[PDB]
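Notes follow the structure.
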Amino acid sequence: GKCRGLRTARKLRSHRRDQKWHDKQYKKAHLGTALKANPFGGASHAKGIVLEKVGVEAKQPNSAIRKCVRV
Amino acid sequence: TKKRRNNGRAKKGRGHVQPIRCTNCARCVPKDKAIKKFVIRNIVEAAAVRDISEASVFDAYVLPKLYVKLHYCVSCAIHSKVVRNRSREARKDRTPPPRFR
Amino acid sequence: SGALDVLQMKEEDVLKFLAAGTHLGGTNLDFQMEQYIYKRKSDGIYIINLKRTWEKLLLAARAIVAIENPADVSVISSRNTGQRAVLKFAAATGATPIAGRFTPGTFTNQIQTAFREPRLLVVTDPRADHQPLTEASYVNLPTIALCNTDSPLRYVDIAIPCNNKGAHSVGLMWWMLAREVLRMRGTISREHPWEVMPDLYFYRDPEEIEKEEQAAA
Amino acid sequence: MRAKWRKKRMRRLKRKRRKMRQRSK
Amino acid sequence: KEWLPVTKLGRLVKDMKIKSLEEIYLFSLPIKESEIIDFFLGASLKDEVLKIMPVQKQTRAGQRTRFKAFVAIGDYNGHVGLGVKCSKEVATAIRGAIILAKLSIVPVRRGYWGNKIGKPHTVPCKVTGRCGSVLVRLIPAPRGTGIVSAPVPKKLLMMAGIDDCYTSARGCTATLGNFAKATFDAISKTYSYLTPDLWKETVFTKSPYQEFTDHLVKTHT
Amino acid sequence: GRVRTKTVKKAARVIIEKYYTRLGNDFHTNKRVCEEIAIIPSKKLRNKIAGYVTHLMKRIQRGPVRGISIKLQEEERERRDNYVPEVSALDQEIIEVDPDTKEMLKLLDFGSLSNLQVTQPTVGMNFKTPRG
Amino acid sequence: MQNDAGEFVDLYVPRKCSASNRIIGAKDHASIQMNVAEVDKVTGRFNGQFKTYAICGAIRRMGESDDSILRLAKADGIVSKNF
Amino acid sequence: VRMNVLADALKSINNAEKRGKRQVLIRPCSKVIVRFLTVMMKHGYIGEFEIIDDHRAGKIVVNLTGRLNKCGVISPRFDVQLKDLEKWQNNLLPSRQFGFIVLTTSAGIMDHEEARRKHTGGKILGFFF
RNA sequence: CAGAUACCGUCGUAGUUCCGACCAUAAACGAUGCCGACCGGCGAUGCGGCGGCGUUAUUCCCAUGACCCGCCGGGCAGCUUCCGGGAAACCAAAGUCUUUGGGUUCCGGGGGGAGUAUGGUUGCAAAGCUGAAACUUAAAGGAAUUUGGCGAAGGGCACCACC
RNA sequence: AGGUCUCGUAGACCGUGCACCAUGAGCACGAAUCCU
Ligand SMILES: [Zn+2]
């Protein structure tokens with residue numbers, strides 16, 4: 001806190017609102033892009049249809065090939 | 001981090017000083033930053049001075065000198081062995097080197 | 001310290017202060033010692049007060065005589081101008097003398113052969129002997145200084161305003177300090193002139209030693 | 001890469017994008 | 001396994017005329033011999049280690065490791081200490097750390113929460129100690145609360161004997177040595193905080209060096 | 001490169017601390033002395049001790065050295081620092097006194113002393129050296 | 001240190017500085033209890049009365065302890081009041 | 001520009017106390033400072049204090065004793081009641097055994113104990129312990 | 001030079017200069033916002049004022065310009081410090097801070113994507129201002145110690161180096 | 001009238017740049033306590 005006045009509250013609420021907009025988790029919690037880019041759309045589980053099987057590899061430090069599907 | 005209390009210059013309450021030209025290269029340098037020197041040189045060294053003194057029209061004729069003032073930037077002064085680097089503790093010394101001879 | 005009507009200067013102490021050149025100080029001044037200087041005269045030399053020097057002489061003598069073991073007062077000089085004065089002071093008072101090359105482990109290194117822990121410490125100057133004061137800070141040791149108007153006061157307890165450049169004033173003040181301590185101890189009377197000579201404390205360069213040997217017997 | 005020449009290449013691509021956008025309205 | 005003191009203080013304690021070292025903290029004398037505290041604090045004094053961390057230094061050939069061990073010492077009804085020592089082998093490192101801890105122990109005082117009944121339980125005031133980046137605050141707590149802390153200042157606070165503290169910390173406390181040093185600095189400064197319980201001028205007793213310098217000069221040269 | 005080490009120099013300093021009377025400038029004489037007063041495992045290092053104590057004899061005959069303390073050359077120091085002459089050089093018959101010093105003595109404890117004289121002060125108060 | 005009964009809960013009372021009135025801690029090694037001597041009033045030799053003065057390490061490191069000792073001696077009656 | 005007077009007054013007192021001075025020179029002489037040092041003087045922390053009167057805001061000279069830790073000012077002039085004073089006492093004081101909260105009220109200027117006993121509230125002024 | 005539309009050298013168009021009309025960007029950096037109070041000094045410096053021995057515009061006087069010794073206020077800054085702050089470099093402010101609250105304005109929440117696309121706006125033009133998201137990553141960074149390696153500098157040594 | 005003035009002689013700060021000098025595949029590393 002910087003401004004110290006007995007009747008200074010509007011400036012504090014405006015600064016708190018702007019600085020709360022300048023966050024990452026609150027941006028992910030108060031925007032339509034975060035709730036619309038979610039593949040489940042705010043769902044813990046979802047059903048699906050298996051199309052084919054894809055074998056992807058691991059990263060450089062540890063070498064393996066993993067088993068995946070397209071749903 | 002910051003290396004010196006100043007910035008290798010003497011500009012404190014100015015903000016701008018006029019630039020000059022170097023003597024070795026043609027690098028443009030501010031006047032207050034350049035390592036300037038003023039050497040008092042002679043026309044002849046200690047070899048030809050006797051040859052001029054014996055073979056002169058006038059006896060005990062005083063020879064003129066050569067007053068030239070050189071202006072060097074950082075690279076031209078270091079590469080021509082004018083100024084040398086020091087320790088961190090030994091950098092804080094504005095005195096000139098001693099003149100024993 | 002000067003509150004009694006016996007322990008002052010009678011007629012001759014001011015004469016010896018004026019003879020030894022104790023009245024003139026350095027060109028520079030200390031803000032700790034502005035109350036120990038009378039005023040400033042021409043040519044940039046401070047004239048120093050003599051009552052204040054007398055009161056610190058009383059206080060230093062009291063602090064020396066206050067303990068009952070003479071081997072727990074240590075007196076230290078690093079400059080050559082007071083090496084013999086320390087030796088004669090320790091010979092007349094029983095003190096512990098250190099003259100030249102104060103090794104930096106006497107008061108704090110317990111495994112050395114020269115491990116000393118005294119009760120009082122007197123030093124000739126705070127300027128050149130900035131080393132024993134810091135080491136005497138780590139153990140509870142007081143500090144008595146014969147300090148000049150230019151020397152800084154750090155880690156000191158009694159600061160006697162003195163003239164520590166000439167050998168004459170320093171040798172006279174060690175002689176008078178030894179005299180006053182031996183008067184408070186009671187071995188030396190307070191009114192009889194017990195003077196062997198104050199020239200037993202005076203230091204001089206060896207060129208004058210050879211000159212005086214050839215001039216005298 | 002220093003920031004100056006990458007700012008320069010983004011400037012040229014911005015100029016080319018504006019020219020193609022004006023010619024492809 | 002005899003004792004041969006080299007200082008005045010150790011010999012004068014060996015002569016059985018120092019009843020407690022509380023007067024040695026009263027005169028603020030340096031405790032230079034480690035076996036004086038071992039002679040005073042015996043069966044009531046036990047220790048436990050804190051952490052042994054790796055420290056490596058590069059050379060032309062290989063890495064020169066050196067083990068640094070943090071240990072604390074202190075009885076559960078009073079004094080507490082902390083010591084750091086680094087050496088090659090682990091056992092001599094722990095022994096030197098225990099020794100350097102026994103060189104520097106300090107007494108602590110304990111206060112009340114509201115009512116003054118029985119023996120004290122908590123720190124008298126909000127005493128703060130800071131070293132490095134770690135900032136440690138010790139706030140008094142009501143009786144029967146227990147120590148609430150990170151685990152190693154919690155064990156330091158019960159080894160100091162204080163039953164109740166309300167604590168807080170900030171900064172990088174993951175460096176356990178600096179965190180323990182900050183806790184030790186917080187519990188060390190519980191004496192250097194003036195309260196109205198002690199405002200009268202203390203009577204000045206004679207120095208033990210002054211009291212027995214005749215005994216010292218009659219024992220040694 | 002003939003540079004001696006700490007063993008020969010330290011041993012030489014010890015034997016010249018302990019045995020000073022039975023020495024001399026002859027190399028063979030103090031070589032036999034170094035054979036007698038000290039046991040030696042070798043002979044080359046014995047010759048090094050004998051040569052260096054000969055060098056120390058030449059240094060002692062010239063002047064004092066701050067490494068050793070021989071008792072024959074000792075206590076002439078205390079003789080030079082123990083004599084008392086007839087004049088202490090502070091009981092002079094006249095003392096030069098400044099006018100500011102005169103005013104400071106006026107307020108000190110007295111009004112006039114009969115062993116002092118007043119000097120004229122300087123005419124210009126320029127005392128500091130030119131530096132810049 | 002007292003309570004409803006009367007015992008002192010603090011195990012000892014540390015000394016305070018005679019100049020700045022601060023608590024002398026256990027690890028303030030620059031703290032000094034300087035002991036000076038009191039002189040007799042007729043003969044002017046040592047008698048046996050002791051005047052203990054105290055100082056803290058902070059004012060000793062700042063270097064203004066001698067004025068404090070002088071002012072304490074002037075208040076006690078050691079240094080003469082004309083000065 | 002000089003806006004509040006109690007704040008830099010107690011700031012000068014705190015600076016001169018922790019440096020180790022014997023006397024302090026407060027340049028203004030407003031009545032709030034006078035009432036505050038009479039409260040602090042009656043509590044027995046600081047000694048005698050003078051005041052210098054002239055035709056402007058005169059000076060204040062305080063004889064300081066070694067019984068003071070910190071003189072603080074809570075700014076701005078916050079509102080406090082009797083039902084919420086214990087929260088201020090909990091988070092503003094190092095202990096519950098000593099230390100006082102000076103506050104202005106309709107009964108005058110006093111510490112928190114006299115204001116609690118006389119059953120009144122007001123605005124905050126500062127704290128000292 | 002293997003390659004040189006590059007370092008180098010000779011010419012050289014716009015430009016560099018002035019008037020008049022425009023854009024409003026810099027490592028525009030003391031990388032440190034403004035006002036006010038308090039807490040160690042020392043030696044010099046620029047302005048104005050105050051006091052005081054002596055010298056000079058040739059010998060007496062007055063005040064002046066030029067010196068010497070000191071003070072006061074403002075300003076550019078310098079040196080040391082266990083006051084104190086910081087992670088440290090360092091700072092007399094970057095101090096007065098868990099003992100946190102003097103008043104007020106702007107600004108930042110891991111690293112990229114990115115000052116990017118779009119929307120708006122000004123401009124002859126170049127562009128200026130405002131200013132995202134999807135996605136990807138567990139690091140990206142600051143201070144400093146210790147060997148390392150320098151087409152860096154200083155003292156030297158070596159016929160497995162040279163002369 | 002005397003006819004070599006006295007005392008020791010760093011008495012070398014002569015220069016400014018210097019040809020062309022690029023590149024290195026990854027697998028190959030572990031952190032501890034005291035007597036019977
Ligand atoms: Zn150039």
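Each chain of the structure tokens is named A, B, ... in the order shown, its residues numbered from 1; ligands are numbered from 1 in display order.
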Which residues are near residue 50 in chain F? Cut-off 7 Å, only C-alpha atoms (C1' of nucleotides), ignore same chain within fewer than 2 positions. Put them as a list in words. residues 27, 30, 31, 34, 46, 47, 48, 52, 53 and 54 of chain F
Residues from the last selection, C-alpha atoms, saved as a tab-separated table (two decimals), in the first residue's frame:
chain	number	residue	atom	x	y	z
F	27	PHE	CA	87.09	-21.28	9.16
F	30	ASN	CA	84.93	-22.83	14.21
F	31	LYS	CA	84.54	-25.87	11.94
F	34	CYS	CA	80.78	-26.96	15.20
F	46	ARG	CA	78.76	-29.01	8.75
F	47	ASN	CA	80.88	-27.00	6.31
F	48	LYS	CA	77.81	-24.89	5.52
F	52	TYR	CA	77.84	-19.22	7.67
F	53	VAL	CA	78.99	-18.69	11.29
F	54	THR	CA	82.18	-17.22	9.85
Nearby polymer residues, ligand 1, at most 10 Å, only C-alpha atoms (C1' of nucleotides) and all ligand atoms, as an mmCIF file with N, CA and C atoms, in the first residue's frame:
data_model
loop_
_atom_site.group_PDB
_atom_site.id
_atom_site.type_symbol
_atom_site.label_atom_id
_atom_site.label_comp_id
_atom_site.auth_asym_id
_atom_site.auth_seq_id
_atom_site.Cartn_x
_atom_site.Cartn_y
_atom_site.Cartn_z
ATOM 1 N N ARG B 21 37.417 14.084 -32.085
ATOM 2 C CA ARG B 21 37.946 13.007 -32.907
ATOM 3 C C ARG B 21 39.232 12.477 -32.288
ATOM 4 N N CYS B 22 39.433 11.165 -32.388
ATOM 5 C CA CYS B 22 40.649 10.552 -31.876
ATOM 6 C C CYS B 22 41.827 10.852 -32.804
ATOM 7 N N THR B 23 43.034 10.581 -32.305
ATOM 8 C CA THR B 23 44.260 10.854 -33.048
ATOM 9 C C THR B 23 44.824 9.617 -33.737
ATOM 10 N N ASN B 24 44.790 8.459 -33.072
ATOM 11 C CA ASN B 24 45.276 7.232 -33.698
ATOM 12 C C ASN B 24 44.320 6.761 -34.785
ATOM 13 N N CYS B 25 43.092 6.440 -34.406
ATOM 14 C CA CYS B 25 42.014 6.171 -35.342
ATOM 15 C C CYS B 25 41.154 7.423 -35.473
ATOM 16 N N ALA B 26 40.104 7.321 -36.283
ATOM 17 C CA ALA B 26 39.165 8.417 -36.474
ATOM 18 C C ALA B 26 37.862 8.179 -35.718
ATOM 19 N N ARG B 27 37.937 7.484 -34.585
ATOM 20 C CA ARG B 27 36.739 7.169 -33.818
ATOM 21 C C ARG B 27 36.239 8.406 -33.085
ATOM 22 N N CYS B 28 34.946 8.686 -33.223
ATOM 23 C CA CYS B 28 34.353 9.832 -32.550
ATOM 24 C C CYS B 28 34.158 9.528 -31.070
ATOM 25 N N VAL B 29 34.702 10.394 -30.219
ATOM 26 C CA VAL B 29 34.644 10.204 -28.770
ATOM 27 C C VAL B 29 34.273 11.522 -28.112
ATOM 28 N N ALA B 34 37.482 10.860 -23.318
ATOM 29 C CA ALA B 34 38.717 10.441 -23.968
ATOM 30 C C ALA B 34 39.923 10.611 -23.053
ATOM 31 N N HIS B 71 44.790 13.073 -28.134
ATOM 32 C CA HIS B 71 43.486 12.655 -27.629
ATOM 33 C C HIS B 71 43.262 11.210 -28.049
ATOM 34 N N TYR B 72 43.040 10.335 -27.073
ATOM 35 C CA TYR B 72 42.909 8.906 -27.308
ATOM 36 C C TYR B 72 41.592 8.388 -26.747
ATOM 37 N N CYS B 73 40.966 7.474 -27.484
ATOM 38 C CA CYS B 73 39.848 6.723 -26.935
ATOM 39 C C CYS B 73 40.373 5.542 -26.121
ATOM 40 N N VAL B 74 39.451 4.686 -25.675
ATOM 41 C CA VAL B 74 39.816 3.580 -24.790
ATOM 42 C C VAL B 74 40.641 2.535 -25.538
ATOM 43 N N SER B 75 40.178 2.139 -26.728
ATOM 44 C CA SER B 75 40.833 1.073 -27.483
ATOM 45 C C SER B 75 42.198 1.511 -27.999
ATOM 46 N N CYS B 76 42.300 2.756 -28.468
ATOM 47 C CA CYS B 76 43.570 3.244 -28.996
ATOM 48 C C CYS B 76 44.587 3.483 -27.888
ATOM 49 N N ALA B 77 44.129 3.857 -26.690
ATOM 50 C CA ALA B 77 45.068 4.040 -25.586
ATOM 51 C C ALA B 77 45.543 2.703 -25.034
ATOM 52 N N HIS B 79 45.560 -0.302 -26.681
ATOM 53 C CA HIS B 79 46.326 -1.007 -27.701
ATOM 54 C C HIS B 79 47.686 -0.373 -27.980
#
Each residue of chain C lying at most 9 Å from chain E should get a row with its shortest atom-to-atom pair and the distance in Å to one decimal, counting only C-alpha atoms; could you produce that, ordered by chain and increasing number, as a Markdown table?
| residue | atom | partner | partner_atom | distance |
| --- | --- | --- | --- | --- |
| C:67 | CA | E:210 | CA | 7.3 |
| C:68 | CA | E:213 | CA | 8.1 |
| C:69 | CA | E:213 | CA | 7.1 |
| C:110 | CA | E:6 | CA | 7.3 |
| C:111 | CA | E:6 | CA | 8.3 |
| C:115 | CA | E:7 | CA | 8.8 |
| C:117 | CA | E:7 | CA | 8.2 |
| C:119 | CA | E:209 | CA | 8.6 |
| C:138 | CA | E:30 | CA | 8.6 |
| C:139 | CA | E:30 | CA | 7.0 |
| C:140 | CA | E:29 | CA | 7.1 |
Considering only C-alpha atoms (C1' of nucleotides), return as an NGL selection string whatever protein or nucleic-acid residues lie within 7 Å of range 18-31 of chain G, sequence-local ones (same chain, fewer than 4 positions apart) excluded. (:C and (137-140)) or (:E and (25-26 or 28-30 or 106 or 191-192 or 194)) or (:G and (14 or 53-57 or 68)) or (:H and (20 or 66))
Just the residues within 12 Å of residue 14 in chain J, please, counting only C-alpha atoms (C1' of nucleotides), with nothing from its chain fewer than 3 positions along; format it as a PyMOL selection string. chain B and resi 41-47
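Computed from the coordinates, the CA of residue 43 in chain H to CA of residue 198 in chain E distance equals 15.3 Å.
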Selection near range 8-20 of chain A, 12 Å with only C-alpha atoms (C1' of nucleotides), sequence-local residues under 4 positions removed, as a count of residues only: 18
Near range 160-176 of chain C, within 6 Å and counting only C-alpha atoms (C1' of nucleotides), which residues show up once chain neighbours fewer than 2 positions away are dropped, as a list in words? residues 20, 22, 53, 56, 81, 85, 146, 147, 148, 178, 179, 201 and 202 of chain C
Using C-alpha atoms, can you write the selected residues to a file as a PDB file, in the first residue's frame?
ATOM      1  CA  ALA C  20      59.073  20.259  26.743  1.00  0.00           C
ATOM      2  CA  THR C  22      53.681  20.189  25.230  1.00  0.00           C
ATOM      3  CA  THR C  53      45.761  17.285  30.633  1.00  0.00           C
ATOM      4  CA  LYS C  56      43.229  13.098  32.581  1.00  0.00           C
ATOM      5  CA  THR C  81      60.145   7.430  19.999  1.00  0.00           C
ATOM      6  CA  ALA C  85      59.920   5.199  28.122  1.00  0.00           C
ATOM      7  CA  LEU C 146      48.166   9.767  24.976  1.00  0.00           C
ATOM      8  CA  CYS C 147      46.196  11.124  22.053  1.00  0.00           C
ATOM      9  CA  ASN C 148      46.853  14.187  19.872  1.00  0.00           C
ATOM     10  CA  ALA C 178      55.047   7.017  36.743  1.00  0.00           C
ATOM     11  CA  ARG C 179      55.608   9.695  39.420  1.00  0.00           C
ATOM     12  CA  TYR C 201      63.179   8.566  30.251  1.00  0.00           C
ATOM     13  CA  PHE C 202      64.315  10.743  27.322  1.00  0.00           C
TER      14      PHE C 202
END
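Note that the spacing between CA of residue 75 in chain E and CA of residue 186 in chain E amounts to 17.6 Å.
Across range 52-125 of chain F, DSSP run on the backbone finds alpha helix (DSSP H) at residues 52, 53, 54, 55, 56, 57, 58, 59, 60, 61, 62, 76, 77, 78, 79, 80, 99, 100, 101, 102, 103, 104, 105 and 106 of chain F.
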Export of prior selection with N, CA, C and O atoms as a JSON list (two decimals), in the first residue's frame:
[["chain", "number", "residue", "atom", "x", "y", "z"],
["F", 52, "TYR", "N", 78.82, -20.25, 7.37],
["F", 52, "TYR", "CA", 77.84, -19.22, 7.67],
["F", 52, "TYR", "C", 78.08, -18.60, 9.05],
["F", 52, "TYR", "O", 77.77, -17.42, 9.24],
["F", 53, "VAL", "N", 78.65, -19.34, 10.01],
["F", 53, "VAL", "CA", 78.99, -18.69, 11.29],
["F", 53, "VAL", "C", 80.23, -17.83, 11.14],
["F", 53, "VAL", "O", 80.42, -16.86, 11.89],
["F", 54, "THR", "N", 81.11, -18.15, 10.18],
["F", 54, "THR", "CA", 82.18, -17.22, 9.85],
["F", 54, "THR", "C", 81.61, -15.92, 9.27],
["F", 54, "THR", "O", 82.06, -14.82, 9.62],
["F", 55, "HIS", "N", 80.60, -16.05, 8.40],
["F", 55, "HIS", "CA", 79.92, -14.87, 7.87],
["F", 55, "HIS", "C", 79.22, -14.08, 8.97],
["F", 55, "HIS", "O", 79.23, -12.84, 8.96],
["F", 56, "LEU", "N", 78.62, -14.77, 9.94],
["F", 56, "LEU", "CA", 77.99, -14.09, 11.07],
["F", 56, "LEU", "C", 79.02, -13.43, 11.98],
["F", 56, "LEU", "O", 78.71, -12.40, 12.59],
["F", 57, "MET", "N", 80.23, -13.98, 12.08],
["F", 57, "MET", "CA", 81.30, -13.30, 12.81],
["F", 57, "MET", "C", 81.69, -12.00, 12.11],
["F", 57, "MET", "O", 81.88, -10.96, 12.77],
["F", 58, "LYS", "N", 81.79, -12.03, 10.77],
["F", 58, "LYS", "CA", 82.05, -10.79, 10.03],
["F", 58, "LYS", "C", 80.90, -9.79, 10.14],
["F", 58, "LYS", "O", 81.13, -8.58, 10.11],
["F", 59, "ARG", "N", 79.66, -10.27, 10.27],
["F", 59, "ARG", "CA", 78.55, -9.34, 10.43],
["F", 59, "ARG", "C", 78.49, -8.77, 11.84],
["F", 59, "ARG", "O", 78.13, -7.60, 12.02],
["F", 60, "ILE", "N", 78.85, -9.56, 12.85],
["F", 60, "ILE", "CA", 78.85, -9.08, 14.23],
["F", 60, "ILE", "C", 79.97, -8.06, 14.44],
["F", 60, "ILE", "O", 79.78, -7.03, 15.10],
["F", 61, "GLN", "N", 81.14, -8.31, 13.84],
["F", 61, "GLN", "CA", 82.26, -7.38, 13.94],
["F", 61, "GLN", "C", 81.97, -6.04, 13.27],
["F", 61, "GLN", "O", 82.54, -5.02, 13.66],
["F", 62, "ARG", "N", 81.06, -6.01, 12.29],
["F", 62, "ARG", "CA", 80.66, -4.75, 11.66],
["F", 62, "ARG", "C", 79.58, -4.02, 12.45],
["F", 62, "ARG", "O", 79.70, -2.81, 12.67],
["F", 76, "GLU", "N", 75.55, -2.89, 26.93],
["F", 76, "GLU", "CA", 75.96, -1.54, 26.54],
["F", 76, "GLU", "C", 74.77, -0.72, 26.05],
["F", 76, "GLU", "O", 74.81, 0.51, 26.12],
["F", 77, "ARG", "N", 73.71, -1.39, 25.59],
["F", 77, "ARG", "CA", 72.44, -0.72, 25.33],
["F", 77, "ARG", "C", 71.87, -0.10, 26.61],
["F", 77, "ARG", "O", 71.43, 1.05, 26.62],
["F", 78, "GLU", "N", 71.89, -0.86, 27.71],
["F", 78, "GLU", "CA", 71.40, -0.33, 28.98],
["F", 78, "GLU", "C", 72.38, 0.70, 29.55],
["F", 78, "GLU", "O", 71.95, 1.62, 30.25],
["F", 79, "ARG", "N", 73.67, 0.57, 29.24],
["F", 79, "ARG", "CA", 74.63, 1.62, 29.58],
["F", 79, "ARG", "C", 74.33, 2.92, 28.84],
["F", 79, "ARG", "O", 74.44, 4.01, 29.41],
["F", 80, "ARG", "N", 73.95, 2.82, 27.56],
["F", 80, "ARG", "CA", 73.64, 4.02, 26.79],
["F", 80, "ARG", "C", 72.29, 4.61, 27.18],
["F", 80, "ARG", "O", 72.08, 5.82, 27.02],
["F", 99, "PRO", "N", 52.20, 35.17, 22.59],
["F", 99, "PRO", "CA", 51.18, 36.03, 23.23],
["F", 99, "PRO", "C", 49.85, 35.33, 23.50],
["F", 99, "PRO", "O", 49.21, 35.62, 24.51],
["F", 100, "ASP", "N", 49.43, 34.41, 22.62],
["F", 100, "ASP", "CA", 48.26, 33.59, 22.93],
["F", 100, "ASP", "C", 48.57, 32.63, 24.08],
["F", 100, "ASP", "O", 47.71, 32.39, 24.94],
["F", 101, "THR", "N", 49.79, 32.09, 24.11],
["F", 101, "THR", "CA", 50.23, 31.30, 25.25],
["F", 101, "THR", "C", 50.31, 32.15, 26.51],
["F", 101, "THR", "O", 49.97, 31.69, 27.60],
["F", 102, "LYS", "N", 50.72, 33.42, 26.36],
["F", 102, "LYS", "CA", 50.75, 34.34, 27.50],
["F", 102, "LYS", "C", 49.35, 34.61, 28.04],
["F", 102, "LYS", "O", 49.15, 34.66, 29.26],
["F", 103, "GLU", "N", 48.37, 34.78, 27.15],
["F", 103, "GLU", "CA", 46.99, 34.98, 27.59],
["F", 103, "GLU", "C", 46.42, 33.72, 28.23],
["F", 103, "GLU", "O", 45.65, 33.79, 29.19],
["F", 104, "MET", "N", 46.80, 32.55, 27.71],
["F", 104, "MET", "CA", 46.33, 31.28, 28.27],
["F", 104, "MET", "C", 46.95, 31.03, 29.64],
["F", 104, "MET", "O", 46.29, 30.49, 30.53],
["F", 105, "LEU", "N", 48.21, 31.45, 29.84],
["F", 105, "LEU", "CA", 48.81, 31.44, 31.17],
["F", 105, "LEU", "C", 48.24, 32.51, 32.09],
["F", 105, "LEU", "O", 48.32, 32.37, 33.32],
["F", 106, "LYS", "N", 47.69, 33.59, 31.53],
["F", 106, "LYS", "CA", 47.10, 34.64, 32.36],
["F", 106, "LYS", "C", 45.85, 34.14, 33.07],
["F", 106, "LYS", "O", 45.59, 34.52, 34.22]]
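Here the question is which of J:2, J:8, J:30, J:17 gets nearest to chain B using only C-alpha atoms (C1' of nucleotides), and that residue is J:17.
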Proximity check chain H to chain A, 8 Å, nearest pairs one decimal Å, only C-alpha atoms, as CSV:
residue,atom,partner,partner_atom,distance
H:75,CA,A:4,CA,7.4
H:76,CA,A:5,CA,5.8
H:77,CA,A:6,CA,6.8
H:78,CA,A:6,CA,6.8
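The strand (DSSP E or B) portion of chain A consists of residues 52, 53, 54, 55, 56, 57, 65, 66, 67, 68, 69 and 70 of chain A, with states taken from DSSP on the backbone.
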Find the residues in chain F near chain C: any atom within 12 Å counts, using only C-alpha atoms. Write them as a ChimeraX atom specification. /F:77-105,107-110,112-117,120-129
Using only C-alpha atoms, which chain H residues lie at most 8 Å away from chain E, written as a PyMOL selection string? chain H and resi 67+69+94-98
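Excluding residue 65 in chain G itself and same-chain residues fewer than 4 positions from it, the residues having an atom within 8 Å of it are residues 156 and 157 of chain C; 19, 55, 59, 60 and 69 of chain G, counting only C-alpha atoms (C1' of nucleotides).
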How would the residues just picked look written out with N, CA, C and O atoms as a tab-separated table (two decimals), in the first residue's frame?
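As a result, again-v8.tsv now contains:
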chain	number	residue	atom	x	y	z
C	156	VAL	N	38.27	3.94	22.89
C	156	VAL	CA	39.11	4.43	23.97
C	156	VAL	C	38.22	4.81	25.15
C	156	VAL	O	37.01	5.04	25.00
C	157	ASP	N	38.82	4.88	26.33
C	157	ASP	CA	38.10	5.22	27.55
C	157	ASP	C	38.60	6.49	28.24
C	157	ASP	O	37.77	7.28	28.70
G	19	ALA	N	25.93	5.24	30.64
G	19	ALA	CA	25.91	6.37	29.73
G	19	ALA	C	24.66	6.42	28.86
G	19	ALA	O	24.05	7.49	28.74
G	55	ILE	N	30.16	0.93	30.83
G	55	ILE	CA	30.02	1.47	29.48
G	55	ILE	C	29.55	0.35	28.56
G	55	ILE	O	29.76	-0.84	28.86
G	59	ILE	N	28.58	2.74	22.19
G	59	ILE	CA	29.17	4.06	22.33
G	59	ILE	C	30.70	3.96	22.35
G	59	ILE	O	31.40	4.92	22.00
G	60	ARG	N	31.24	2.80	22.71
G	60	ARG	CA	32.68	2.60	22.64
G	60	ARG	C	33.14	2.46	21.20
G	60	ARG	O	34.21	2.95	20.83
G	69	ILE	N	32.51	9.13	30.70
G	69	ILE	CA	33.26	8.87	31.93
G	69	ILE	C	33.59	10.18	32.65
G	69	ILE	O	33.49	10.26	33.89
